[PDB]
Structure formats: C-alpha cells, structure tokens
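Residue-level listing of the chains:
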Protein chains: 2
Amino acid sequence: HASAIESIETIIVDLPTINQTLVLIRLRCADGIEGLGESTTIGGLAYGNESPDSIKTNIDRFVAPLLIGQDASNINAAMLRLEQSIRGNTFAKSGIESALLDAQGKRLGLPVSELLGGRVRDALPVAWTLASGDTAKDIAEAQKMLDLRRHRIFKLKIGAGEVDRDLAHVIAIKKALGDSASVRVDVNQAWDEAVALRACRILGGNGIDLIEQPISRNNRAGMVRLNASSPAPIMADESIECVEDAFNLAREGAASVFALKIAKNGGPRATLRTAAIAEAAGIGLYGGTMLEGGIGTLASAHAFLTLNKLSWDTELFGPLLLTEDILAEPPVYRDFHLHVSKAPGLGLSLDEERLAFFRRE
Amino acid sequence: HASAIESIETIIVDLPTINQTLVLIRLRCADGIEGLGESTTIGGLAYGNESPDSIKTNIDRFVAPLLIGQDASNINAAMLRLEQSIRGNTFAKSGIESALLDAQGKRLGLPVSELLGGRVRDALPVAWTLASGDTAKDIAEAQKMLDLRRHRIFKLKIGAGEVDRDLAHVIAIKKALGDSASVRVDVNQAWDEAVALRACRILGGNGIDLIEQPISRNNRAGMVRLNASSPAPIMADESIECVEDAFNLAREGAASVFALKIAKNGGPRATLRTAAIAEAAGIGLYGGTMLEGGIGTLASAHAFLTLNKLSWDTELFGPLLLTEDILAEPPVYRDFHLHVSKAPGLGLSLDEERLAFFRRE
Ligand SMILES: [Mg+2]
Ligand SMILES: [Mg+2]
C-alpha cells in the first residue's frame with residue numbers, strides 16, 4: 001500500500017517551437033506519489049533508432065509489464081530488472097528512471113541531485129545553438145544573448161553544406177564575437193575523415209574551442225587519428241550509445257571530451273557511470289541534451305549538479321525552444337546559467353490543462 | 001542544529017584473533033545522530049602506506065578540520081571537499097565515508113545499500129582463507145567449513161616459499177576437495193613474471209580457479225602478458241590503489257577480474273565507481289577485504305549488495321577472525337553467506353564496554 005508501482009502512462013505531446021515532440025512518463029505508486037519522466041528525441045528517426053512513437057510502443061508493451069507491481073523505492077533493482085529483459089531502448093529507460101527518481105525524491109523529500117549523492121553547485125552554465133544558417137543573423141542573435149546575459153557559449157551545427165562555406169561561416173562568427181564568447185561546432189558525424197583532418201586544423205587555428213563528433217561513430221580508428229592531428233579538442237556524442245561505449249572510446253583515445261546525455265546512456269544514473277569512466281580516464285565532461293523539455297532537462301541537470309567538474313559546460317537549453325511547455329513553472333535561466341532548486345524530486349509540476357491541450361492523444 | 005558535523009573521533013583498537021588493529025571512526029552530527037566507520041589495514045605498513053597510527057594522525061590533523069561544521073547529509077560534497085585538499089589516504093577516506101553513510105542511513109531510516117541505490121540481493125557468498133601453512137591442516141579445515149556449511153570457496157596465500165612447494169601445496173588441497181569447493185590463490189605480488197608465466201599454467205591446469213595479483217603492480221606490461229599466457233583468470237588487487245588505476249588496468253588488459261576493496265578506493269562510493277568501470281569493460285568483480293571488523297565489513301557489504309553481478313564472490317570474513325569485536329551484535333554468517341539486514345545505516349551498534357576495554361587509548 002506504499003511504494004509498489006501501480007501504473008505507468010506514456011503520453012506523446014507535440015509542442016510548438018520558436019514543432020517538438022516529447023514523450024511524457026507518468027509513474028504512479030500505491031502511496032499516491034507520482035513521478036514524472038521524459039523520453040524525447042529529435043526528428044523522428046533521423047537522430048536515433050527510437051522515435052517518440054516506438055518509445056511509447058515499447059514502454060507500454062514491454063517496460064510497463066515488467067515494472068507494475070515492483071517496489072518503486074528500489075531504483076537500482078527496477079532498472080536492472082529492465083536491463084535483464086530489454087536490449088537498447090535507452091531513451092525509454094531514461095524517461096522511466098527519471099520518473100522513478102522524481103517519485104523517490106518526493107517520497108523522501110529530497111531533490112534528485114541529493115538522491116544521486118549531493119550537489120556541489122546550484123547552477124549550470126548553458127550554451128546556445130545558433131541555427132539561423134545565416135552568418136549575419138547568428139552574429140546578431142549571439143550579441144543579443146550576450147547583452148541579455150543569457151548565453152556566452154555558442155554552438156554551430158555544420159557539415160551539411162560545402163566544407164569551406166561552413167568553415168567560413170563559423171570562423172566569421174567567432175571573429176565578430178572575439179573573446180566575448182566561446183564558439184564550438186557540432187558536425188553530427190557529417191564529415192569523412194579525409195575532410196575532417198583538414199577542417200579541424202582550420203577551425204582550431206581560428207578560435208573554435210571544441211569540435212563535436214566530426215566524423216561517423218563507425219570510423220573508430222579515424223576518431224583516434226583525428227585526436228592527434230586536431231589542434232582543437234574533439235568531443236564524442238553519437239559515438240556514445242551506452243556506458244560501455246564510453247569505456248571503449250576512452251580505451252582507444254577517440255575523444256578528449258565526452259557529451260553526457262541521459263537519453264543515450266539510459267537515465268541519470270547510467271550517465272553518471274559514463275561520467276565516472278570519463279573522469280577516471282582524464283576526459284572532460286559536457287552536459288548534453290536531445291532538446292528535452294523541462295522534465296528531461298531537469299533530470300539531466302540534477303545529475304550534472306553532482307559532478308566534481310564540467311569543464312565544457314552544458315547545452316541544457318531545450319526548454320528555451322518551446323513557445324509553451326506542459327509544466328506549470330518552467331526551469332529558471334538567468335545570468336548565463338540554469339538555476340536548479342532544492343525542491344523534492346525534479347521540483348516541477350504538470351500543468352494539466354496544457355497537457356490535455358497538447359497531448360497527441 | 002541538525003546535520004552539521006559536530007565532531008569526529010578516531011580510536012585505535014587492538015583485538016585478539018583466532019592481534020588485529022582497527023581504526024574506529026565516530027562521527028557525530030548536531031542532531032545527535034552518530035555514524036560509525038572503520039579504517040583497518042594489515043600488519044602495520046607491510047600491506048599499504050597507511051598504518052592505523054598514521055591514519056589516526058592524518059584524520060585528526062587534516063580530515064577532521066575540513067569536515068567539522070560541514071553538512072553531513074551531503075556526502076558527495078564532503079568527500080570532494082576532502083579530495084580537493086588530501087592526496088591518497090584512501091584508507092582514512094574510506095572510514096570517513098562509511099561513517100557518513102551510516103549516519104545518513106540512520107537519518108533517513110534507510111540501510112546504506114538503499115542510499116547507494118538499492119540492493120539486488122540480501123546475502124553475499126563468503127570465501128575463506130586457509131592459513132595454517134600445512135597442507136593436511138588446510139584440507140581438514142576446509143572440509144570442516146564445508147560440513148558446517150560456512151564456506152565452500154577457499155583462498156590460499158602463496159609466494160613466500162619455494163615455487164614448486166607452494167604449487168604442490170595448493171594443488172594437493174584442490175585434489176582433496178575436488179568439485180566440492182572452489183580453490184583460488186593470492187600471490188600478493190610475490191612472483192617475478194619469469195616464475196609466474198610457468199606457475200600460472202601449472203595452477204590453471206590443476207583446478208585452481210583464480211590467480212590473484214601474481215606479480216608486482218609495477219610490472220604493468222607483465223600483467224598484460226600473463227593474462228594471455230595464463231589459462232586461469234588473473235585478478236588485480238594491489239594493482240588497484242585508486243579508481244583511476246581501475247580504468248588504466250582495464251585499458252591495458254592487465255586483469256580479467258578486479259578485487260573491490262573500499263579501503264583501496266576511498267570508500268563504498270568510490271568502490272562502486274571502480275565497479276562501474278570494471279563492468280563497462282567486461283571485467284569480473286570480487287568483494288575484497290583488508291580484514292576489517294564488522295563495521296568495515298558491512299560498509300563493504302552494503303555496496304556489494306547493489307552490484308548487478310559479483311561473478312567471483314567475496315572474502316568478507318574479517319569479523320570471523322576476531323575472538324571479540326567492538327560490536328554489540330556481530331554480522332550474520334550462515335549457509336556459505338553473509339546475510340545483510342535492512343536496518344538503517346550499517347545496522348550495527350557499538351558495545352561501549354568492549355570498546356573501552358580494547359581501545360589502545
Ligand atoms: Mg551532438
Ligand atoms: Mg590480494
């Protein structure tokens with residue numbers, strides 16, 4: 001009549017942006033406590049093998065049956081029970097663990113960061129992706145975010161256009177901002193090593209601070225070679241699809257910085273194991289996102305608050321892209337940071353009206 | 001008036017065995033809650049650079065001043081605060097974290113295993129070291145422990161005598177027990193690779209299931225080479241003196257099994273990070289001990305209860321060597337296992353009378 005998991009509801013929500021689809025998880029226990037989680041991805045199946053649609057399918061058909069009736073207060077046991085019968089599906093697992101953590105936090109009256117060991121900071125620096133595709137527009141937007149003291153670290157997505165044009169674009173943005181901001185790029189696996197070996201040298205010699213996943217996660221030997229030739233640090237993102245990938249990447253020397261995404265590792269706890277491996281290997285950390293709304297963003301944040309050091313900051317700006325979220329109170333952003341409260345669990349509540357209005361069904 | 005750390009007392013205790021020195025840590029908070037921890041080692045400075053004497057010295061002079069006044073409920077912050085100003089001293093750090101975990105467990109009314117995420121088992125298999133040095137005596141003792149259903153996994157310490165005599169000794173013990181028990185050896189770094197390369201082949205071909213730290217932790221390349229030539233798995237023990245060592249050993253391929261000792265890693269939490277690295281690398285786990293009494297043994301046990309798998313079992317028999325401990329109620333051993341309760345914290349209480357009688361001062 002207390003901690004037993006009573007029900008797990010998965011809801012697909014479509015929210016307008018400045019459309020983003022989220023998968024909300026509502027986990028309820030026998031004692032009335034409800035935990036909220038979020039499994040969100042980008043562009044259907046273009047950025048991962050799990051879509052919001054298949055996440056709901058697999059949670060409803062396989063995850064729920066395994067957890068209904070289980071003690072929600074033993075999260076390690078619940079997640080291992082899942083790992084025993086379910087391969088992959090890390091996005092789904094991440095949402096489920098987030099919900100369990102939120103519920104256990106409420107149950108003990110402690111924020112998730114404390115359940116995870118204890119925070120060493122209350123705020124996290126938040127970078128911003130400039131996505132207009134227009135050099136002039138990006139520079140203006142960056143200067144705007146700087147003036148409003150919202151962001152001072154900017155990320156540029158490149159790789160889709162002609163290499164020299166992408167490079168000129170990013171370099172022109174850094175040149176305009178100078179030392180007033182940190183400029184990084186994400187190539188999303190777009191380049192072949194033949195192109196990256198030259199492009200990384202150019203970006204590194206022109207003020208770009210970090211080069212995220214320049215080539216395919218499949219060119220394992222190539223990522224190692226690029227770490228040696230690139231004068232700028234390389235960060236692994238897509239190369240990490242589970243905690244074990246983190247170890248293998250560190251063993252091989254495939255990247256000097258690891259992006260930490262709860263969706264890719266299977267939840268905050270799994271993400272902290274990936275962080276532990278990176279730290280033990282002397283690899284830098286970055287708080288990554290799959291553009292989650294407030295729930296997923298805070299689930300990530302609470303884990304990041306416990307890290308000794310986050311040398312490369314975070315990109316937890318997902319909520320800032322939504323013209324409307326399903327939360328009664330959005331996360332707090334001020335002076336270049338995301339400020340995380342000490343409220344129990346994830347410290348957020350659902351706005352039932354907006355949920356009913358935006359839920360696909 | 002609640003969680004602030006009020007005092008930290010270190011007590012050196014000498015207990016008779018079937019003499020063992022323990023370093024008891026008594027941590028008291030402003031709310032009256034007391035946490036108990038244990039920093040224990042073997043033979044003064046023969047098995048580590050920290051002696052019970054220097055552990056007390058460094059805790060009193062450097063650790064205590066850093067923690068008095070700090071919030072005992074944020075263990076991650078407290079331990080990182082220590083890591084910022086204190087190099088090494090993992091045995092001392094282990095005792096301190098154990099005390100903090102015990103106190104926080106009492107504070108929340110949860111066993112340490114739950115604070116660490118949640119147990120997946122309530123009992124742990126416990127091996128037994130046969131140390132008579134006499135083949136006949138060891139066989140008789142092993143058969144005795146089997147009959148009493150106390151132990152079915154036996155460890156033999158070798159390396160001090162002539163190689164062929166040590167090998168004959170261990171092989172004769174396994175031959176007598178047959179498949180009724182698992183026989184392993186610990187060479188404690190005693191052999192040179194020149195000797196180990198031949199000895200491991202002999203032991204592996206004669207029923208020895210595991211070879212613990214056959215050579216010096218300093219012969220890094222040698223440990224890797226032995227993993228290839230030995231038909232029996234090699235376990236790293238002394239090679240692990242911090243979490244980072246675990247990563248480097250996994251990267252190099254220095255051992256296929258890792259011993260997990262809270263004293264060597266700096267506490268239950270650090271030990272779980274080492275375990276996470278091992279698991280991510282496909283390396284087997286073993287619950288190790290530095291012959292701690294009940295407190296240290298249970299601190300280790302609570303961490304081990306959370307591990308998905310402990311393929312090589314544990315050697316948590318430290319309390320069984322003491323003719324008397326400082327605990328009112330000793331740990332529970334039955335049917336080849338150590339049974340861990342769900343009592344708050346480490347679930348143990350100090351016998352004030354025995355402590356007063358055995359404390360060195
Ligand atoms: Mg990326
Ligand atoms: Mg050993």
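Residues numbered from 1 in each chain as written, not as in the entry; some residues may be left out. Chains lettered and ligands numbered in written order. Heavy atoms only, no water.

Asks: Whenever I open this one, the overall build of chain A confuses me. Can you help?
Replies: Along its length, chain A carries 13 helices and 13 strands. For a compact globule of 361 residues, the expected C-alpha radius of gyration is about 21 Å, and chain A comes in at 20 Å, within 12% of that figure. When the backbone C-alpha atoms are referred to their principal axes, chain A occupies close to 65 × 40 × 35 Å. The buried share among the 361 residues of chain A stands at 59%. For chain A, the accessible surface area stands at approximately 13700 Å², while carbon and sulfur atoms represent 49% of it. Mean positive and mean negative side-chain charge positions of chain A (38 and 46 charges, respectively) differ by 3 Å. (Helix = DSSP H or I, 4+ residues; strand = E, 2+ residues; numbered from the N terminus. Rg over C-alpha atoms; globule rule 2.2 N^0.38 Å. Buried < 20%, exposed > 50% of the residue type's maximum accessible area, 1.4 Å probe, protein only. Areas by Shrake-Rupley, 256 points an atom, 1.4 Å probe, with all protein chains shown as cover. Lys, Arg positive; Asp, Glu negative; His and termini not counted. Charge placed at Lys NZ, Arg CZ, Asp CG, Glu CD.)

Asks: What is the right way to read the UniProt feature "active site" (unreviewed entry) in chain A from this model?
Replies: Residue and element names in this part refer to chain A. In the numbering used here, UniProt assigns the feature "active site" (unreviewed entry) to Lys157 and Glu315. In sequence the annotated residues extend across 159 residues, while in space they remain close, none of their C-alpha pairs exceeding 13.0 Å. Tracing the sequence through the fold places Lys157 in strand 6 (residues 153-157). Relative accessible area serves as the criterion here: at 46%, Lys157 is assigned to the partly exposed category. In this view, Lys157 contacts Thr129, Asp186 and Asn188; residues no more than four positions away in its chain are not counted. (UniProt positions renumbered as here; feature names shortened; annotations may be inferred. Contact = heavy atoms within 4.5 Å.)

Asks: For this particular structure, what's the right way to read the relation of the copies chain A and chain B?
Replies: In this structure, two copies of a chain are linked by a rotation about an axis accompanied by a shift along it. For the pair chain A and chain B, the superposition axis carries a translation of 0.1 Å, the fit reaches an RMSD of 0.0 Å, and the rotation angle comes to 180°. Here the symmetry operator amounts to a two-fold rotation axis. In terms of C-alpha distance to the rotation axis, chain A has A:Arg251 as its closest residue, with the C-alpha 2.5 Å off the axis. Interface residue correspondence from chain A to chain B reaches 100%, placing this contact among same-surface, isologous pairings. (Least-squares fit on C-alpha atoms.)

Asks: Honestly, the coordination of the magnesium ion (ligand 2) in this entry has me stumped. Any pointers?
Replies: Ideal geometry at a metal gives 109.5 degrees between four tetrahedral donors and either 90 or 180 degrees between six octahedral ones. Residues and elements named next belong to chain B. Here the magnesium ion (ligand 2) is held by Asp186 (OD), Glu212 (OE) and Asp237 (OD), and the distances to it run 2.0 to 2.2 Å. Counting the intervening residues between successive donors of the magnesium ion (ligand 2) yields the motif D-x25-E-x24-D. Of this pair, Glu212 sits in strand 8 (residues 210-212) while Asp237 sits in the loop between strand 9 (234-236) and helix 9 (243-252); the two residues are 25 residues apart in sequence, bridging distant segments of the chain. Judged on exposure class, the residue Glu212 and its partner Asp237 are both buried. (Donors = N, O, S within 2.8 Å, 3.2 Å for Na, K, Ca; no water.)

Asks: Any chance you could explain the sheet that holds strand 2 (residues 20-29) of chain B here in plain terms?
Replies: Within a sheet, each strand pairs with its neighbour through backbone hydrogen bonds, oriented either parallel or antiparallel. Residues and elements named next belong to chain B. Spatially, the three strands line up as an open sheet ordered 1-2-3, and their pairing is antiparallel. Both outer strands of the open sheet, strand 1 (5-15) and strand 3 (34-40), are each paired with one neighbouring strand and no more. Averaged over all pairs of adjacent strands, the angle between strand axes in this sheet comes to 20°, irrespective of strand direction. Sheet strands in contact with helix 1 (residues 52-67) are strand 1, strand 2 and strand 3, and its direction is about 175° off that of strand 1. (Pairing = 2+ DSSP bridges. Axes fitted to C-alpha atoms, helices over the stretch in contact; angles between N-to-C directions.)

Asks: Sorry, what's going on with the packing of helix 11 (residues 268-281) of chain A against helix 11 (residues 268-280) of chain B here?
Replies: It is the contact of helix 11 of chain A with helix 11 of chain B, at a shortest axis distance of 9 Å, that shows an interaxial angle of 95°. The angle between helix 11 of chain A and helix 11 of chain B falls in the class roughly perpendicular. Every residue of helix 11 of chain B that contacts helix 11 of chain A at A:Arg273, A:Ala276, A:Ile277 and A:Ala280 is listed here: B:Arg273, B:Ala276, B:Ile277 and B:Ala280. Its residues assigned to classes, the contact of helix 11 of chain A with helix 11 of chain B comprises six nonpolar, no polar and two charged. (Parallel < 35°, antiparallel > 145°, perpendicular 65-115°, else oblique. Nonpolar A, V, L, I, M, F, W, Y, C, P; charged D, E, K, R; others polar.)

Asks: Just checking my understanding: could you explain the interface of chain A and chain B for this structure?
Replies: How big an interface is tends to be expressed through the accessible area that disappears when the partners come together. Taken together, the contacts link 26 residues of chain A with 27 residues of chain B. Of all residues in chain A, A:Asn76, A:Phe247 and A:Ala280 give up the largest surface area on contact with chain B, accounting jointly for 25% of the area buried on that side. Remark: the boundary between chain A and chain B carries zero salt bridges. The tally of links from chain A across to chain B stands at eight residue pairs in polar contact. Counted by class, the side of chain A that touches chain B contains 14 nonpolar, seven polar and five charged residues. (Buried area = accessible area lost by both parts, 1.4 Å probe. Salt bridge = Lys/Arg side-chain N within 4 Å of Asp/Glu carboxyl O. Polar contact = N/O pair within 3.5 Å; in protein donor to acceptor, adjacent residues only side chain to side chain.)

Asks: What should I look at first to understand the pairing of strand 2 (residues 20-29) of chain A in this one?
Replies: A regular strand carries its side chains on alternate faces of the sheet. Residue and element names in this part refer to chain A. The buried count for strand 2 comes to nine of ten residues, which makes it a mostly enclosed element. Bridge count between strand 2 and strand 3 (residues 34-40): seven bridges; the pairing is antiparallel. What sits directly across from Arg28, in strand 3, is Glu34. From the end of strand 2 to the start of strand 3, which pair antiparallel, there are four residues, and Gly32 there has a positive phi angle of about 85°.

Asks: I tried to follow the sheet that holds strand 10 (residues 257-260) of chain B on my own but got confused; where do I start?
Replies: Residue and element names in this part refer to chain B. Overall, parallel pairing links the seven strands, which are arranged 5-6-7-8-9-10-11 in an open sheet. Where the open sheet ends on each side, the last strands, each with one partner, are strand 5 (128-130) and strand 11 (284-287). Sheet twist, expressed as the mean angle between neighbouring strand axes with direction ignored, is 30°. Pairing between strand 10 and strand 11: four bridges, direction parallel. Note on strand 11: the bridge partner recorded for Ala259 is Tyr286.

Asks: Explanation requested: the domain arrangement of chain A in the structure shown.
Replies: Residues and elements named next belong to chain A. You can read the domains of chain A as domain 1 (1-109 + 346-359) and domain 2 (110-345). Placing a centre on the C-alpha atoms of domain 1 and another on those of domain 2 gives a separation of 24 Å. Tallying the contact residues gives 40 residues for domain 1 and 38 residues for domain 2. Counting across the domain 1 and domain 2 interface gives one salt bridge. Linking domain 1 to domain 2 there are 18 residue pairs in polar contact. (Domains from an automatic or database assignment.)

Asks: Would you mind going over the coordination of the magnesium ion (ligand 1) with me for this structure?
Replies: Residues and elements named next belong to chain A. Within the protein, the atoms that donate to the magnesium ion (ligand 1) are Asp186 (OD), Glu212 (OE) and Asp237 (OD), at distances of 2.0 to 2.2 Å. For the magnesium ion (ligand 1), all donor residues lie on one chain, and their spacing in sequence is D-x25-E-x24-D. Taken together, the positions of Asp186 in strand 7 (residues 182-186) and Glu212 in strand 8 (residues 208-212) put the pair 26 residues apart, joining distant regions of the chain. The exposure classification of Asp186 matches that of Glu212, with both residues buried.

Asks: Hey, could you run me through the packing of aromatic side chains in this one?
Replies: Two descriptors summarise a pair of aromatic rings, namely the distance from one centre to the other and the angle between the planes of the rings. Throughout the structure, instances matching the rule amount to five aromatic pairs over all chains. On the numbers, 6.0 Å between centres and 75° between planes, the contact of A:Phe247 with B:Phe247 is edge-to-face. A residue pair is termed interchain when its members come from two chains, as with A:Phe247 in helix 9 (residues 243-252) and B:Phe247 in helix 9. A:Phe247 sits in the buried class, given a relative accessible area of 3%. Between B:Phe357 and B:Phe358, the ring centres sit 4.9 Å apart and the planes meet at 85°, which makes this aromatic pair edge-to-face. A cation over a ring is seen here: A:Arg150 above A:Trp128, with NZ or CZ 5.1 Å from the ring centre. (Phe/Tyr/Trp six-rings, centres within 6.5 Å; stacked < 30°, edge-to-face > 60°. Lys NZ or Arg CZ within 6 Å of the ring centre and 35° of its normal.)

Asks: Looking at this structure, how should I read the side chain of A:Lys264?
Replies: Residue and element names in this part refer to chain A. The residue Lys264 is located in helix 10 (residues 262-265) in this model. One buried charged residue, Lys264, remains without a salt bridge, the closest side chain of opposite sign being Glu241 at 4.0 Å. Leaving out residues up to four positions away in the same chain, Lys264 has contacts with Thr90, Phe91, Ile240, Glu241 and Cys242.

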